[PDB]
């Protein structure tokens, strides 16, 4: 069987920089028309000039013939000038801005201390129509890791949305039934992205019969009941949830070690993985919208013009993707997948 869809987009991806970038860009560019490129580089993307330079590094690494456009984001920080974000948006450089968890001790050039501290930039985004992408977790030491997303909803997301009622918000990589229900019952200004790992697995898959660092990502995999809620949300054809891989590559040496980094390198296997989930939920009819229509509609962008075909032909995901000095282990490395791109 063949599954033909309009060329999809990836509404949440990390392309890194330098040699990493050169290696990972092709996995996104071959398949996706556009991708929302997250801004969390060593020196975060907090200026139009840096965004332009990063965009060109990305373009330099796209293989010949890939019809790919990187959509850049601004990393919100306490010290960010609202005029810088405005300038970048007005010039087509910034498509959106990303809010990472607040911490009172974060350096002002590297993050936000509180939503209060950046209300002027948020208000400017509301004025201009700039989408706010949110990593919705509280990161206070006394909050259990598994409760961080639910806590954010109540302490940060709801009060923020109640104030900036015309602000477009994407609740990124949702992982709980709490978020699924909040987004489901929300208004037209609220959307969400969902990763392939949060649909395919739960915390047992990461911790039962051994510990699996390649399944370790943030927000952390939750209880089976949460996974079930996310699968049911996409299976329903809900129009405000769309594809965001959160492909977040780290070298093998940084994953398989005493303190492993959070992040699943899923760009090489994500699309076929989502196809598998939709098939298992008897929801293939809703697959195209999730991958290729819902995100564009929410962002006010046109759907892609070309097509991508997936075939139910069993292929094996490589165990390793070579980098210059180390390697990347892809999501589902070594496994035989049911759907592959034609």
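Residue numbers count along the first chain shown, from 1.
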Legend entry - Mean C-alpha B-factor comparison - 103-111 and 171-179, higher one: 103-111
Inset, instruction - Take the C-alpha B-factors listed in the entry for 6-14 and for 315-323, compute each mean, and give the stretch with the larger one. - result: 315-323
Legend entry - Selection by C-alpha B-factor (highest) of 203, 98, 124, 184: 184
Legend entry - Highest-ranked of 42, 50, 58, 308 once sorted by CA temperature factor in the record: 42
Legend entry - residue 301, C-alpha B-factor rank within chain (lowest, middle or highest third): highest
Inset, instruction - Would you check the entry's CA temperature factor for residue 273 and let me know if it's in the chain's lowest, middle or highest third? - result: highest
Legend entry - residue 234 by Cα B-factor - lowest, middle or highest third of the modelled chain: highest
Inset, instruction - Tell me, lowest, middle or highest third: where does the Cα B factor of residue 244 rank within its chain? - result: middle
Inset, instruction - Quick one: classify residue 289 as lowest, middle or highest third of the chain based on its Cα B-factor. - result: middle
